[PDB]
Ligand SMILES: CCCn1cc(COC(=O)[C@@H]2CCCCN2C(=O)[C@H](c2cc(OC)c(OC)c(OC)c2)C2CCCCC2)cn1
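There is one chain below, alone, in structure tokens, taken in the form solved without the named molecule.
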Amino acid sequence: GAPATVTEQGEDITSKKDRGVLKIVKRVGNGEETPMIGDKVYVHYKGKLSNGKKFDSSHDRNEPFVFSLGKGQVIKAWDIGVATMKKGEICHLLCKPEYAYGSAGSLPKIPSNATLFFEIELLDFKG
């Protein structure tokens, strides 16, 4: 499935090159610009545990997820991953626990030491 395909074929976009955040571009975005640190970014996402269990989607309530890029308002994997995206891009990200919810997890949805999969669409970004 999607998660396994990222495991086998995803690009390692961590600076440490520890396979903590693995990426596949699924739809190419617009031009060359990526968001700046501090930008307001608007995304749609579909989130699963690595075993395929859906835990959330912004589409269920048609409500884009909004955050300030690089501010730690989201899991490290999103600060890293979304910074690499162009407007209109869809990617798949696979996120080791060290770049997500670590040993604590986020119960009830996210167990301790969970690797998470996301399909993310970068809808827009603003200053």
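By rigid core we mean the largest C-alpha set that fits within 1.5 Å across both forms. Note that residue numbering begins at 1 and tracks the sequence as displayed.
Between 47-55 and 32-40, which has its CA atoms farther from the current form in 4 other deposited structures of this protein, using a rigid core superposition?
Looking at 47-55 versus 32-40 in 4 other deposited structures of this protein, the farther one turns out to be 47-55.
Between 64-72 and 47-55, which has the larger average Cα B-factor in the PDB entry?
Comparing 64-72 with 47-55, the higher average CA B-factor belongs to 64-72.
Do the CA atoms of 100-108 or those of 5-13 have the higher mean B-factor in the entry?
Stretch with the greater average CA B-factor: 100-108.
Name the one of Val41, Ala83, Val28, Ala77 with the greatest CA B-factor according to the PDB entry.
Of the options given, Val28 has the highest CA B-factor in the PDB entry.
If you look for the form solved in complex with the named molecule, you will not find it shown, but the lines that follow are about it.
Taking heavy atoms and a 4.5 Å cut-off, does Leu94 contact the named molecule in the deposited bound form?
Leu94 lies outside the contact set for the named molecule.
Counting only non-hydrogen atoms and a 4.5 angstroms cut-off, does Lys26 reach the named molecule in the deposited bound form?
No, no contact at 4.5 Å.
Considering non-hydrogen atoms and a 4.5 Å limit, does the named molecule approach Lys48 in the deposited bound form?
Contact with the named molecule, yes.
Contact with the named molecule in the deposited bound form for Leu22, defined as at least one heavy atom pair within 4.5 Å: yes or no?
So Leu22 does not count as contacting the named molecule.
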